[PDB]
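**Q** opening with a subset of the complex:
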Amino acid sequence: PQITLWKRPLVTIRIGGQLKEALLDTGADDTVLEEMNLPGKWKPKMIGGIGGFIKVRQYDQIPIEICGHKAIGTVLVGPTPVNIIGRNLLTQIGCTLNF
């Protein structure tokens, strides 16, 4: 697919039994999802952007389906205002910038 940027590049993602709308975000190194109580081990982390830092929980090797494409990797879970698909998973679904 090709996604123009007139509007936010929101797409439907699936993580287990939850479907969410998430930004395809080339400006994010890592994937950050809204608060959710995922199973398994995790580690605490601080992540920073505009406005400062929030505390997240890092879960590894989490399968996520993005627009019907399979990905699996690290997801950061915390009080983000928007779900964010970062470069760690964008590469896995074959995503590039073109102009």
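**A** Cool, got the structure. Residues are numbered from 1 along each chain as shown, chains lettered A, B, ... in the order given.
**Q** following the one helix or strand residue A:11 maps to, which helix or strand shows up next?
**A** Applying DSSP states H and E as the criterion places residue A:11 in strand A:10-15. The C-terminal neighbour of strand A:10-15 among helices and strands, as given by DSSP H and E, is strand A:18-24.
**Q** residues making contact with that next one?
**A** Applying C-beta atoms under 8 Å, 6 or more residues apart in numbering, the contact partners of strand A:18-24 are A:3, A:8-14, A:33-34, A:36, A:66, A:82-85, A:90, A:95. C-beta: built from backbone N, CA, C; applies to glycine.
**Q** now do 10 Å
**A** A:3, A:5, A:8-15, A:31-34, A:36, A:38, A:64-67, A:82-86, A:89-90, A:93, A:95 (C-beta atoms under 10 Å, 6 or more residues apart in numbering).
**Q** before we move on, what about stretch A:3-17?
**A** Outside stretch A:3-17, the residues touching it (C-beta under 10 Å, 6+ apart) are A:1, A:19-26, A:31, A:33, A:36, A:38-39, A:59, A:62-69, A:71, A:75, A:77, A:82-83, A:85, A:89, A:93, A:95, A:97.
**Q** what do you get for stretch A:27-35?
**A** A:13, A:15, A:18, A:20, A:22-23, A:25, A:45, A:47, A:49, A:54, A:56-59, A:62, A:64, A:66, A:71, A:73-90.
**Q** chain B next, sequence below:
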Amino acid sequence: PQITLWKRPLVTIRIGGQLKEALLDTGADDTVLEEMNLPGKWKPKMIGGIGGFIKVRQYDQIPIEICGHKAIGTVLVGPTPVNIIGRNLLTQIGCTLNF
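**A** Below is chain B, added to the chains above:
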């Protein structure tokens, strides 16, 4: 160009005759540059990111050449962690996401 996402999509920009490195950021609605001097009238604005809200200075109709492509639009100056080119200018240079 086609830009893959295994590395940060940093490009050279030219603004007011100065060369800077900026991140192509599809998750950003706006273009935000670190503290710098720009000529002309500006107005105070507030924007919200992952960590909360910040105050920025809004400059309108500023030319930036982004990786050899011309844009003229709104540039916000303030405490961003990194210079980011947002959708307001990404659309001007014909940037799309593809996978």
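**Q** same question on the contacts of strand A:18-24, but with chain B included?
**A** A:3, A:5, A:8-15, A:31-34, A:36, A:38, A:64-67, A:82-86, A:89-90, A:93, A:95, B:5, B:26-28, B:97, B:99 (C-beta atoms under 10 Å, 6 or more residues apart in numbering or on different chains).
**Q** spatially, what comes nearest to the closest residue to chain B within chain A if we skip its sequence neighbours?
**A** Going by C-beta to the nearest C-beta, chain B is nearest to residue A:50 of chain A, at 2.5 Å. Among residues not flanking residue A:50 along the chain, residue B:49 sits closest, at 2.5 Å (C-beta to C-beta, 6 or more residues apart in numbering or on different chains).
**Q** can you map out the strands along chain A?
**A** With DSSP state E, the ranges of strands along chain A come out as A:2-3, A:10-15, A:18-24, A:31-33, A:43-49, A:52-66, A:69-77, A:83-85, A:96-98.
**Q** can I get those in a markdown table including mean neighbour count?
**A** Output for the strands of chain A, formatted as a markdown table (neighbours: other C-beta atoms under 10 Å in any protein chain shown):
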| stretch | mean neighbour count |
| --- | --- |
| strand A:2-3 | 12 |
| strand A:10-15 | 17 |
| strand A:18-24 | 17 |
| strand A:31-33 | 25 |
| strand A:43-49 | 14 |
| strand A:52-66 | 17 |
| strand A:69-77 | 18 |
| strand A:83-85 | 25 |
| strand A:96-98 | 17 |
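**Q** hang on, the earlier thing: tell me the angle the strand holding residue A:11 makes with strand A:69-77.
**A** Orientation check (axes from the mean of the first three to the mean of the last three C-alpha atoms, to 10 degrees): strand A:10-15 against strand A:69-77 gives 80 degrees.
**Q** understood, closing this out.
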